[PDB]
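Visitor: show me how the following folds:
(one chain, ligands or ions: 1)
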Amino acid sequence: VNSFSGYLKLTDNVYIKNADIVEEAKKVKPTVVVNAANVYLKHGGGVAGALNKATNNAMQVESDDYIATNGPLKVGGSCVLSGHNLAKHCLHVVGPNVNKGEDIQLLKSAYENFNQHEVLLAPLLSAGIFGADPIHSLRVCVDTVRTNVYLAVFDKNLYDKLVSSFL
Ligand SMILES: O=C(Nc1ccc(C(=O)NCc2c(C(=O)O)oc3ccccc23)cc1)NC1CC1
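Guide: Residues are numbered from 1 along each chain as shown. Take a look at the structure below.
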């Protein structure tokens, strides 16, 4: 028994709620919150900017030191850094960006990173396909992640189509 509340059971290990992950992070203080990062860990907008803003830019300061030491992540890769005031840990995961010509097939490799953590609060990845084929992103999560994932979905048009499609 964990502390996630109001999430709907989608599958054996996947749960889903209509909410802003940042606001959910401010609440539960989970062991792991997932960030939909870019390979430079430049947290300008979206989940990254919203998470980073909620940390008063401490996430960005830590991230810049990480990149200066290690260089950029791979698309489909991840790193574990501090969760700051939002979680014990933040798993920064890079999904492919179709807007930059990156290959959507890398989405499965991105979700595989979740399997290194028993329980995670996470968003859907590759938001660049959210108008073209939003269902594609959630199908991969369910078919790839075997650990317990609590998905916080921001868009209500989306959540309704998603839960409808998988029930
Ligand atoms: O900006 C924020 N939050 C914030 C910002 C951005 C997101 C986000 O990239 N989600 C991913 C997503 C969603 C959804 O979540 O609807 O659907 C999808 C379909 C396909 C692929 C991906 C997705 C999530 C949360 N907060 C600030 C104003 C206070």
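Visitor: residue boundaries of the helices in the chain?
Guide: All helices of the chain, identified by DSSP state H, fall at 21-28, 46-54, 58-70, 107-112, 134-144, 156-166.
Visitor: pipe those into TSV and attach mean neighbour count per row.
Guide: Just so you know, the C-beta spots here come from the backbone N, C-alpha and C atoms, and that holds for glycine as well. Putting these into TSV (neighbours: other Cβ atoms under 10 Å) gives the following:
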stretch	mean neighbour count
helix 21-28	19
helix 46-54	20
helix 58-70	15
helix 107-112	20
helix 134-144	18
helix 156-166	14
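Visitor: closest one to residue 81 among the ones you listed?
Guide: Proximity to residue 81 (Cβ to Cβ) singles out helix 58-70 among the helices of the chain, at 5.6 Å.
Visitor: okay, the helices of the chain in a markdown table with distance to residue 85 next?
Guide: What follows is the helices of the chain, written out as a markdown table (distance: least, Cβ to Cβ, whole Å):
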| stretch | distance to residue 85 |
| --- | --- |
| helix 21-28 | 8 |
| helix 46-54 | 7 |
| helix 58-70 | 8 |
| helix 107-112 | 25 |
| helix 134-144 | 26 |
| helix 156-166 | 26 |
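Visitor: which one of the ones you listed lies nearest to residue 127?
Guide: That would be, of the helices of the chain and by Cβ to Cβ, helix 46-54, which comes in at 6.4 Å.
Visitor: re the thing from before, to residue 96, which of the helices of the chain lies closest?
Guide: Here helix 107-112 is closest among these (Cβ to Cβ), at 6.1 Å.
Visitor: mind saving the C-alpha coords of the closest one as PDB?
Guide: Extracted as PDB, the C-alpha positions of helix 107-112 are listed here (Å, rounded to 0.1, in the frame of the first residue of the first chain):
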ATOM      1  CA  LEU A 107      10.000   5.700 -27.300                       C
ATOM      2  CA  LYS A 108      10.200   2.100 -26.100                       C
ATOM      3  CA  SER A 109      13.800   2.500 -25.100                       C
ATOM      4  CA  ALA A 110      12.800   5.600 -23.200                       C
ATOM      5  CA  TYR A 111      10.100   3.800 -21.200                       C
ATOM      6  CA  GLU A 112      12.500   0.900 -20.400                       C
END
